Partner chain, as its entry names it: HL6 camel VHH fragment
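Next up: a single chain in structure tokens, the form solved without the partner chain.
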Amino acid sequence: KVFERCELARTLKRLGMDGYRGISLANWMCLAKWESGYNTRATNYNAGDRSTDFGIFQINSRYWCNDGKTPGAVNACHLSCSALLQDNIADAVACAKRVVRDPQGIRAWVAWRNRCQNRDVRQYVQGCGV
């Protein structure tokens, strides 16, 4: 599923993402925008280390979900990576919450540092009623 901007904003708020571990909703929106373009079925194989990024938040198989083919991988979200390719983003949000519960927080995603950190991210939630 490819979410429309405001549709996703309202959905994440309902799932309790606004202010989770100090992270505002607009930051989550900025992250989803740059990671997958709000696309739940986006997949990206990282040839360099044999891992794959899955779904709307592009969560990595080396630490967060199990796809069975990633060398030396753990499954912290205790989910099959398939769960992060569904149209319903409930499991993906629960896993994103687990990621930021680690010391790095939102910084775990390099794309956030490049495109969201220290930026005016208000544009991502403007006019959405959230």
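Numbering follows the first chain given and starts at 1.
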Greater mean Cα temperature factor according to the PDB record, 42-50 or 29-37: 42-50
Which has the higher mean CA temperature factor in the PDB entry, 19-27 or 108-116? 108-116
C-alpha B factor of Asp67, ranked within the chain: lowest, middle or highest third? lowest
Among modelled residues of the same chain, the CA temperature factor third for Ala83: lowest
Assigned third (lowest, middle, highest) for the C-alpha B factor of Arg122: highest
Lowest, middle or highest third: which one holds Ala94 when the chain's residues are ordered by CA B-factor from the entry? lowest
Using the B-factor values recorded in the entry, state whether the Cα atom of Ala73 falls in the lowest, middle or highest third among the modelled residues of its chain. highest
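Unshown form solved in complex with the partner chain; subsequent notes refer to it.
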Sequence-ordered residues of 68-105 touching the partner chain in the entry with it bound, heavy atom within 4.5 Å: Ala76, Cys77, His78, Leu79, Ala90, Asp91, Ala94, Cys95, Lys97, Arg98, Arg101
